[PDB]
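Dropping query-v5.txt in here (compact mmCIF, N, CA and C atoms):
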```txt
# COMPACT_ATOMS: atom_id res chain seq x y z
N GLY N 5 22.26 16.87 -30.08
CA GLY N 5 22.18 16.32 -31.41
C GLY N 5 20.90 16.70 -32.11
N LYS N 6 19.78 16.43 -31.47
CA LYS N 6 18.48 16.84 -31.98
C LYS N 6 17.64 17.57 -30.94
N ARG N 7 17.71 17.16 -29.68
CA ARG N 7 16.73 17.57 -28.68
C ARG N 7 17.20 18.75 -27.85
N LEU N 8 16.25 19.63 -27.54
CA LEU N 8 16.50 20.79 -26.72
C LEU N 8 16.45 20.40 -25.25
N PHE N 9 16.61 21.38 -24.37
CA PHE N 9 16.52 21.15 -22.94
C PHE N 9 15.24 21.76 -22.41
N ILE N 10 14.36 20.92 -21.89
CA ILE N 10 13.09 21.39 -21.35
C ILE N 10 13.34 22.09 -20.02
N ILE N 11 12.49 23.06 -19.70
CA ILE N 11 12.53 23.76 -18.42
C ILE N 11 11.46 23.14 -17.53
N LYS N 12 11.82 22.85 -16.28
CA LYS N 12 10.86 22.37 -15.31
C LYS N 12 10.95 23.19 -14.03
N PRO N 13 9.82 23.41 -13.34
CA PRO N 13 9.85 24.19 -12.10
C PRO N 13 10.63 23.52 -10.98
N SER N 14 10.19 22.32 -10.58
CA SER N 14 10.82 21.49 -9.55
C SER N 14 10.11 20.15 -9.54
N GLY N 15 10.85 19.10 -9.20
CA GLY N 15 10.23 17.80 -9.08
C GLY N 15 10.47 17.11 -7.75
N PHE N 16 11.59 17.46 -7.11
CA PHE N 16 12.09 16.70 -5.97
C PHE N 16 11.17 16.82 -4.77
N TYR N 17 10.76 18.05 -4.44
CA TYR N 17 9.90 18.30 -3.29
C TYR N 17 8.56 17.60 -3.43
N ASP N 18 8.02 17.60 -4.65
CA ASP N 18 6.70 17.06 -4.88
C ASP N 18 6.71 15.53 -4.84
N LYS N 19 7.68 14.91 -5.53
CA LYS N 19 7.81 13.46 -5.47
C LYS N 19 8.12 12.99 -4.05
N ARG N 20 8.90 13.78 -3.31
CA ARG N 20 9.21 13.45 -1.92
C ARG N 20 7.97 13.48 -1.05
N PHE N 21 7.13 14.51 -1.22
CA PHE N 21 5.91 14.57 -0.42
C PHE N 21 4.96 13.44 -0.75
N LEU N 22 4.84 13.08 -2.03
CA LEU N 22 3.90 12.02 -2.39
C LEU N 22 4.37 10.67 -1.89
N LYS N 23 5.67 10.39 -1.97
CA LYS N 23 6.16 9.12 -1.45
C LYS N 23 6.04 9.07 0.07
N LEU N 24 6.27 10.20 0.75
CA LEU N 24 6.09 10.23 2.20
C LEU N 24 4.63 10.05 2.59
N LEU N 25 3.71 10.63 1.82
CA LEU N 25 2.29 10.51 2.13
C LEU N 25 1.80 9.08 1.95
N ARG N 26 2.09 8.48 0.78
CA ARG N 26 1.62 7.12 0.55
C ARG N 26 2.31 6.13 1.48
N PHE N 27 3.57 6.39 1.85
CA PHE N 27 4.28 5.46 2.73
C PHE N 27 3.79 5.55 4.16
N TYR N 28 3.55 6.75 4.66
CA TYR N 28 3.09 6.90 6.03
C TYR N 28 1.58 6.73 6.17
N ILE N 29 0.86 6.52 5.08
CA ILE N 29 -0.43 5.86 5.21
C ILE N 29 -0.28 4.35 5.09
N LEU N 30 0.64 3.88 4.24
CA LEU N 30 0.90 2.47 4.02
C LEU N 30 1.44 1.77 5.26
N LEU N 31 2.07 2.51 6.17
CA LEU N 31 2.69 1.92 7.35
C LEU N 31 1.66 1.30 8.28
N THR N 32 0.49 1.93 8.40
CA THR N 32 -0.64 1.30 9.07
C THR N 32 -1.86 1.29 8.16
N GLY N 33 -1.65 1.11 6.86
CA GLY N 33 -2.74 0.83 5.96
C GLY N 33 -2.84 -0.65 5.72
N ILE N 34 -1.70 -1.26 5.41
CA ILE N 34 -1.58 -2.70 5.25
C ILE N 34 -1.84 -3.48 6.54
N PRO N 35 -1.27 -3.15 7.72
CA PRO N 35 -1.59 -3.96 8.91
C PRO N 35 -3.03 -3.84 9.36
N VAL N 36 -3.67 -2.70 9.15
CA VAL N 36 -5.06 -2.55 9.55
C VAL N 36 -5.99 -3.37 8.67
N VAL N 37 -5.75 -3.37 7.36
CA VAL N 37 -6.61 -4.14 6.46
C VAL N 37 -6.35 -5.63 6.62
N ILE N 38 -5.10 -6.02 6.87
CA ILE N 38 -4.84 -7.43 7.17
C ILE N 38 -5.44 -7.83 8.51
N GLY N 39 -5.49 -6.91 9.48
CA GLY N 39 -6.15 -7.20 10.74
C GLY N 39 -7.65 -7.39 10.59
N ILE N 40 -8.31 -6.52 9.82
CA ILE N 40 -9.76 -6.66 9.64
C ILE N 40 -10.07 -7.88 8.78
N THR N 41 -9.13 -8.27 7.90
CA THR N 41 -9.31 -9.49 7.12
C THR N 41 -9.20 -10.73 8.00
N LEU N 42 -8.19 -10.78 8.87
CA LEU N 42 -8.04 -11.93 9.76
C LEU N 42 -9.17 -12.00 10.78
N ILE N 43 -9.71 -10.85 11.18
CA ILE N 43 -10.86 -10.86 12.08
C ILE N 43 -12.08 -11.44 11.38
N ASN N 44 -12.44 -10.94 10.20
CA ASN N 44 -13.65 -11.52 9.63
C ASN N 44 -13.40 -12.83 8.87
N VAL N 45 -12.19 -13.38 8.88
CA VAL N 45 -11.98 -14.70 8.30
C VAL N 45 -11.64 -15.75 9.35
N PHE N 46 -11.27 -15.36 10.57
CA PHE N 46 -11.00 -16.32 11.63
C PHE N 46 -12.11 -16.39 12.68
N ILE N 47 -12.41 -15.27 13.34
CA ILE N 47 -13.16 -15.35 14.59
C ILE N 47 -14.66 -15.37 14.35
N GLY N 48 -15.11 -14.98 13.17
CA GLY N 48 -16.53 -14.89 12.91
C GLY N 48 -17.08 -13.50 13.16
N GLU N 49 -18.22 -13.22 12.53
CA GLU N 49 -18.93 -11.99 12.88
C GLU N 49 -19.79 -12.24 14.12
N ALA N 50 -20.85 -13.02 13.95
CA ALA N 50 -21.84 -13.38 14.97
C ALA N 50 -22.88 -14.28 14.32
N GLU N 51 -23.79 -14.78 15.15
CA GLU N 51 -25.06 -15.32 14.67
C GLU N 51 -26.20 -14.75 15.51
N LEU N 52 -27.41 -15.27 15.35
CA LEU N 52 -28.62 -14.50 15.63
C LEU N 52 -29.54 -15.22 16.60
N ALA N 53 -29.02 -15.63 17.76
CA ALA N 53 -29.88 -16.27 18.75
C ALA N 53 -30.86 -15.26 19.36
N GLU N 54 -31.77 -15.79 20.16
CA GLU N 54 -32.70 -14.97 20.92
C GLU N 54 -32.34 -15.00 22.40
N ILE N 55 -33.07 -14.20 23.17
CA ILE N 55 -32.80 -14.06 24.60
C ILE N 55 -33.36 -15.26 25.33
N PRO N 56 -32.53 -16.02 26.03
CA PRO N 56 -32.99 -17.22 26.71
C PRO N 56 -33.71 -16.87 28.00
N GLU N 57 -34.12 -17.92 28.71
CA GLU N 57 -34.99 -17.81 29.86
C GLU N 57 -34.28 -17.22 31.06
N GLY N 58 -34.30 -15.90 31.19
CA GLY N 58 -33.75 -15.26 32.37
C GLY N 58 -32.25 -15.17 32.44
N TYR N 59 -31.56 -15.17 31.30
CA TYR N 59 -30.12 -14.91 31.24
C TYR N 59 -29.92 -13.51 30.68
N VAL N 60 -29.67 -12.56 31.57
CA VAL N 60 -29.51 -11.16 31.19
C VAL N 60 -28.05 -10.92 30.83
N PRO N 61 -27.76 -10.38 29.66
CA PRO N 61 -26.36 -10.23 29.24
C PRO N 61 -25.74 -8.98 29.83
N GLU N 62 -24.54 -8.66 29.38
CA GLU N 62 -23.95 -7.36 29.65
C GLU N 62 -24.49 -6.36 28.63
N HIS N 63 -23.93 -5.14 28.61
CA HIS N 63 -24.34 -4.18 27.60
C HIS N 63 -23.82 -4.54 26.22
N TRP N 64 -22.80 -5.40 26.14
CA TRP N 64 -22.34 -5.93 24.87
C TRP N 64 -23.18 -7.17 24.54
N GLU N 65 -22.69 -8.00 23.61
CA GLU N 65 -23.38 -9.18 23.05
C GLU N 65 -24.66 -8.81 22.30
N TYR N 66 -24.78 -7.56 21.86
CA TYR N 66 -25.93 -7.12 21.09
C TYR N 66 -25.56 -6.69 19.68
N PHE N 67 -24.32 -6.92 19.25
CA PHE N 67 -23.77 -6.29 18.06
C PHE N 67 -23.21 -7.36 17.13
N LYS N 68 -23.27 -7.09 15.83
CA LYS N 68 -22.89 -8.09 14.84
C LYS N 68 -21.38 -8.26 14.79
N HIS N 69 -20.68 -7.23 14.42
CA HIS N 69 -19.24 -7.25 14.19
C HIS N 69 -18.51 -7.38 15.52
N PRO N 70 -17.50 -8.24 15.61
CA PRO N 70 -16.88 -8.51 16.91
C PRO N 70 -16.04 -7.36 17.43
N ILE N 71 -15.45 -6.56 16.55
CA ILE N 71 -14.68 -5.43 17.05
C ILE N 71 -15.63 -4.32 17.49
N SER N 72 -16.82 -4.25 16.90
CA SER N 72 -17.87 -3.39 17.43
C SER N 72 -18.27 -3.81 18.84
N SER C 1 11.39 54.18 -44.70
CA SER C 1 12.59 54.56 -43.98
C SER C 1 13.39 53.33 -43.53
N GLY C 2 13.21 52.93 -42.28
CA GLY C 2 13.91 51.77 -41.76
C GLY C 2 14.43 51.95 -40.34
N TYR C 3 15.49 51.22 -40.01
CA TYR C 3 16.09 51.29 -38.69
C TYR C 3 16.95 52.54 -38.53
N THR C 4 17.71 52.57 -37.43
CA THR C 4 18.91 53.34 -37.18
C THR C 4 20.09 52.39 -37.13
N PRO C 5 21.29 52.81 -37.51
CA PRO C 5 22.45 51.91 -37.40
C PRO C 5 22.80 51.54 -35.97
N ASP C 6 22.41 52.36 -34.99
CA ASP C 6 22.51 51.98 -33.59
C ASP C 6 21.64 50.77 -33.30
N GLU C 7 20.37 50.81 -33.73
CA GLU C 7 19.48 49.68 -33.52
C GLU C 7 19.91 48.47 -34.33
N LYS C 8 20.49 48.69 -35.51
CA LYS C 8 21.03 47.59 -36.29
C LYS C 8 22.17 46.90 -35.55
N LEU C 9 23.06 47.68 -34.94
CA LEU C 9 24.20 47.09 -34.24
C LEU C 9 23.77 46.40 -32.95
N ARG C 10 22.85 47.03 -32.21
CA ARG C 10 22.25 46.44 -31.02
C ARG C 10 21.53 45.14 -31.36
N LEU C 11 20.84 45.13 -32.50
CA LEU C 11 20.20 43.93 -33.01
C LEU C 11 21.22 42.85 -33.33
N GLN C 12 22.39 43.25 -33.83
CA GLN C 12 23.42 42.27 -34.19
C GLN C 12 24.09 41.66 -32.97
N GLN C 13 24.30 42.46 -31.91
CA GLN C 13 24.80 41.85 -30.68
C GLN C 13 23.74 40.97 -30.05
N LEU C 14 22.47 41.28 -30.27
CA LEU C 14 21.44 40.35 -29.84
C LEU C 14 21.42 39.10 -30.70
N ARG C 15 21.86 39.20 -31.96
CA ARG C 15 22.06 37.98 -32.74
C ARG C 15 23.16 37.12 -32.14
N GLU C 16 24.27 37.75 -31.76
CA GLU C 16 25.38 37.07 -31.09
C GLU C 16 24.91 36.32 -29.85
N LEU C 17 24.26 37.05 -28.94
CA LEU C 17 23.82 36.47 -27.68
C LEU C 17 22.71 35.44 -27.88
N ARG C 18 21.81 35.68 -28.83
CA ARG C 18 20.66 34.80 -29.01
C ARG C 18 21.09 33.47 -29.59
N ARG C 19 21.97 33.50 -30.59
CA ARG C 19 22.42 32.26 -31.20
C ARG C 19 23.32 31.48 -30.25
N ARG C 20 24.15 32.16 -29.44
CA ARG C 20 24.96 31.41 -28.48
C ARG C 20 24.10 30.80 -27.37
N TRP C 21 23.06 31.52 -26.94
CA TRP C 21 22.14 30.98 -25.95
C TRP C 21 21.39 29.76 -26.47
N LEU C 22 20.84 29.86 -27.67
CA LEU C 22 20.04 28.75 -28.15
C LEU C 22 20.90 27.61 -28.67
N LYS C 23 22.18 27.85 -28.96
CA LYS C 23 23.11 26.75 -29.17
C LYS C 23 23.45 26.06 -27.86
N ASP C 24 23.49 26.82 -26.76
CA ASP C 24 23.66 26.21 -25.45
C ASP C 24 22.46 25.35 -25.08
N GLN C 25 21.25 25.81 -25.41
CA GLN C 25 20.04 25.14 -24.95
C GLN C 25 19.81 23.78 -25.60
N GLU C 26 20.45 23.50 -26.73
CA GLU C 26 20.40 22.16 -27.32
C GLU C 26 21.48 21.34 -26.65
N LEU C 27 21.11 20.60 -25.61
CA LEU C 27 22.10 19.86 -24.85
C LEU C 27 22.56 18.65 -25.65
N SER C 28 23.86 18.41 -25.62
CA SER C 28 24.44 17.14 -26.08
C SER C 28 25.77 16.91 -25.37
N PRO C 29 25.74 16.39 -24.14
CA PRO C 29 26.98 15.89 -23.53
C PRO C 29 27.22 14.44 -23.89
N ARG C 30 26.52 13.96 -24.93
CA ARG C 30 26.36 12.58 -25.36
C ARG C 30 25.63 11.72 -24.34
N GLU C 31 25.11 12.32 -23.28
CA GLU C 31 24.21 11.73 -22.30
C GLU C 31 23.40 12.86 -21.67
N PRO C 32 22.13 13.02 -22.07
CA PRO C 32 21.33 14.11 -21.49
C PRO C 32 20.95 13.83 -20.04
N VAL C 33 20.47 12.62 -19.78
CA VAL C 33 20.03 12.20 -18.46
C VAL C 33 20.98 11.12 -17.98
N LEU C 34 20.82 10.75 -16.73
CA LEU C 34 21.50 9.59 -16.17
C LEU C 34 20.65 9.03 -15.03
N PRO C 35 20.03 7.87 -15.23
CA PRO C 35 19.26 7.25 -14.15
C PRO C 35 20.19 6.61 -13.13
N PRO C 36 19.88 6.73 -11.84
CA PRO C 36 20.76 6.14 -10.81
C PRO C 36 20.78 4.62 -10.80
N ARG C 37 19.74 3.96 -11.31
CA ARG C 37 19.72 2.51 -11.33
C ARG C 37 19.47 1.98 -12.74
```
In structure tokens, write the structure found in this file.
Amino acid sequence: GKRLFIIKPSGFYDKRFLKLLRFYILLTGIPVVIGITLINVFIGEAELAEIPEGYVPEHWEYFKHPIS
Amino acid sequence: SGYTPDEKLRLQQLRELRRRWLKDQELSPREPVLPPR
């Protein structure tokens, strides 16, 4: 009636790759960020005591973040 | 001077083909696109 037909190279392959990329990062993007959120909102990071009288720790218990 | 009548006739068949092509390129099936949803 009024409008011509535009020429396009291709769209399907590109939209398919972008949806696959965002989805297969999203598959463990959301659970990882919800995991780090539940970690620093439930269990605590740490606090800052000193070394008591002759209680030698393991090689851990020296770090702030609990997953560290 | 001008053209040759051979080039004039060749030009006229290109008028035939060009106008039919560009009449094709203006789509109107009364629905250009169709979204699936």
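A straight line drawn from atom C of residue C:29 to atom CA of residue N:5 is 9.2 Å long.
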With all atoms listed in the file counted and 8 Å as the cut-off, give the residues of chain N in contact with chain C, each with its shortest interatomic distance in Å and the pair that gives it, as a Markdown table.
```
| residue | atom | partner | partner_atom | distance |
| --- | --- | --- | --- | --- |
| N:5 | N | C:28 | CA | 4.6 |
| N:6 | C | C:26 | CA | 6.5 |
| N:7 | C | C:26 | CA | 4.7 |
| N:8 | CA | C:26 | CA | 4.2 |
| N:9 | N | C:25 | C | 4.2 |
| N:10 | N | C:25 | C | 7.2 |
```
Taking the DSSP secondary structure from the backbone, can you list the residues of chain C that are helix (DSSP H, G or I), as a tab-separated table (two decimals) with N, CA and C atoms, keeping the file's coordinate frame?
```tsv
chain	number	residue	atom	x	y	z
C	5	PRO	N	21.29	52.81	-37.51
C	5	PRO	CA	22.45	51.91	-37.40
C	5	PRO	C	22.80	51.54	-35.97
C	6	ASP	N	22.41	52.36	-34.99
C	6	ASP	CA	22.51	51.98	-33.59
C	6	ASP	C	21.64	50.77	-33.30
C	7	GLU	N	20.37	50.81	-33.73
C	7	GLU	CA	19.48	49.68	-33.52
C	7	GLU	C	19.91	48.47	-34.33
C	8	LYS	N	20.49	48.69	-35.51
C	8	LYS	CA	21.03	47.59	-36.29
C	8	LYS	C	22.17	46.90	-35.55
C	9	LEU	N	23.06	47.68	-34.94
C	9	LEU	CA	24.20	47.09	-34.24
C	9	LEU	C	23.77	46.40	-32.95
C	10	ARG	N	22.85	47.03	-32.21
C	10	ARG	CA	22.25	46.44	-31.02
C	10	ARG	C	21.53	45.14	-31.36
C	11	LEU	N	20.84	45.13	-32.50
C	11	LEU	CA	20.20	43.93	-33.01
C	11	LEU	C	21.22	42.85	-33.33
C	12	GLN	N	22.39	43.25	-33.83
C	12	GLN	CA	23.42	42.27	-34.19
C	12	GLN	C	24.09	41.66	-32.97
C	13	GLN	N	24.30	42.46	-31.91
C	13	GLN	CA	24.80	41.85	-30.68
C	13	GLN	C	23.74	40.97	-30.05
C	14	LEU	N	22.47	41.28	-30.27
C	14	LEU	CA	21.44	40.35	-29.84
C	14	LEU	C	21.42	39.10	-30.70
C	15	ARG	N	21.86	39.20	-31.96
C	15	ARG	CA	22.06	37.98	-32.74
C	15	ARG	C	23.16	37.12	-32.14
C	16	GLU	N	24.27	37.75	-31.76
C	16	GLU	CA	25.38	37.07	-31.09
C	16	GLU	C	24.91	36.32	-29.85
C	17	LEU	N	24.26	37.05	-28.94
C	17	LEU	CA	23.82	36.47	-27.68
C	17	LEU	C	22.71	35.44	-27.88
C	18	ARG	N	21.81	35.68	-28.83
C	18	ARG	CA	20.66	34.80	-29.01
C	18	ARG	C	21.09	33.47	-29.59
C	19	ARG	N	21.97	33.50	-30.59
C	19	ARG	CA	22.42	32.26	-31.20
C	19	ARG	C	23.32	31.48	-30.25
C	20	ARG	N	24.15	32.16	-29.44
C	20	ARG	CA	24.96	31.41	-28.48
C	20	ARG	C	24.10	30.80	-27.37
C	21	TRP	N	23.06	31.52	-26.94
C	21	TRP	CA	22.14	30.98	-25.95
C	21	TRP	C	21.39	29.76	-26.47
C	22	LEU	N	20.84	29.86	-27.67
C	22	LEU	CA	20.04	28.75	-28.15
C	22	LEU	C	20.90	27.61	-28.67
C	23	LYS	N	22.18	27.85	-28.96
C	23	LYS	CA	23.11	26.75	-29.17
C	23	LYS	C	23.45	26.06	-27.86
C	24	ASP	N	23.49	26.82	-26.76
C	24	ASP	CA	23.66	26.21	-25.45
C	24	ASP	C	22.46	25.35	-25.08
C	25	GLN	N	21.25	25.81	-25.41
C	25	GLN	CA	20.04	25.14	-24.95
C	25	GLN	C	19.81	23.78	-25.60
```
_Close residues, stretch 40-49 of chain N itself excluded, 6 Å, only N, CA and C atoms, min 6 positions apart in chain, as a VMD selection string_ = chain N and resid 68 to 70
*What does the distance from atom CA of residue N:24 to atom CA of residue N:11 come to in Å, to one decimal?*
25.5 Å
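Across the structure, atom C of residue N:27 and atom N of residue N:39 are spaced 16.4 Å apart.
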